[PDB]
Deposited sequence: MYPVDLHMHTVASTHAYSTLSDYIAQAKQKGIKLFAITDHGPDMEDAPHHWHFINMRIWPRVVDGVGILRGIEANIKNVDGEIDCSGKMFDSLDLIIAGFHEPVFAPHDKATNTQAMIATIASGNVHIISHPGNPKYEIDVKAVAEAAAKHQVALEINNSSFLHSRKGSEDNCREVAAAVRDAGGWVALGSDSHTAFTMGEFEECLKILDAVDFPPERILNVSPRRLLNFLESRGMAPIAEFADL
């Protein structure tokens, strides 16, 4: 899997690598396409909203490695709103969203489930991060079914109910995304533990987004992204 979809830079002080560190490590590890997905601005220890707006200036391909502009947005409420403005959406390619205590504290199972499903149904998000987090109890099957319906991927997070999520996605028919949730570039692309979970449930390789740069880019285009010419050859 030459694609990693979830990692963080020094824009949060609880991460320690820069854009150039991720490019260099990708080069070393055979990763051909990666996304930087810094924490959304409503989070603690998070960057300013301009951090995301100004990603529009980034080079697309450096040293043969493609770079997606992303966000790990924060689910704000039971209506499925996230901390990403219209100007921010305009600059970004990949929208991940998830639960973080400073923004959305863990609540009753139904509150968590409704918020997650409303985020999925909003049409604004591509991947829900760490849905297996035991801190946020959810109706996994209902979430997987909604994710399949709205073509939203559920993440299996290497940084980490994950077998239950994987099996639920398998049966619901949706996509899985693998993400290292790296906070240094040293763990980019490392999915060993994710893969064991997927194997414990005989997850179909055909529904793993990270199989190839083209599979992932095709998914984003199906969700409405204008094609990125600079990524043709990936």
So which bits of the deposited sequence did not make it into the model?
1, 162-171
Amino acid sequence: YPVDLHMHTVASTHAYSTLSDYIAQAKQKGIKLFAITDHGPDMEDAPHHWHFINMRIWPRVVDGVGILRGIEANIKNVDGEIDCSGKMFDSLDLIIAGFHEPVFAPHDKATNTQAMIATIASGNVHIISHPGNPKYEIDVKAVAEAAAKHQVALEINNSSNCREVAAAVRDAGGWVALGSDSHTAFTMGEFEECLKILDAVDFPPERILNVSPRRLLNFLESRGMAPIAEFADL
From here on, numbers count along this sequence of modelled residues.
When the C-alpha temperature factors are averaged for each of 16-24 and 207-215, which stretch ends up with the higher value in the entry?
207-215
On average, are the C-alpha B-factors higher in 166-174 or in 190-198?
190-198
Member of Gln114, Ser129, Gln151, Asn74 with the greatest C-alpha B factor (per the PDB record)
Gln114
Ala118, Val143, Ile95, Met88, ranked by C-alpha B-factor: the highest one
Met88
Lowest, middle or highest third: where is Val62 by Cα B-factor in its chain?
middle
Once the chain's modelled residues are ordered by C-alpha B factor and cut into thirds, is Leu33 in the lowest, middle or highest one?
lowest
Among the modelled residues of its chain, the C-alpha B-factor of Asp83 falls in the third labelled lowest
Just say lowest, middle or highest third for the CA B-factor of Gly70 relative to the other modelled residues in its chain.
lowest
Third of the chain, ranked by Cα B-factor, where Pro47 sits:
lowest
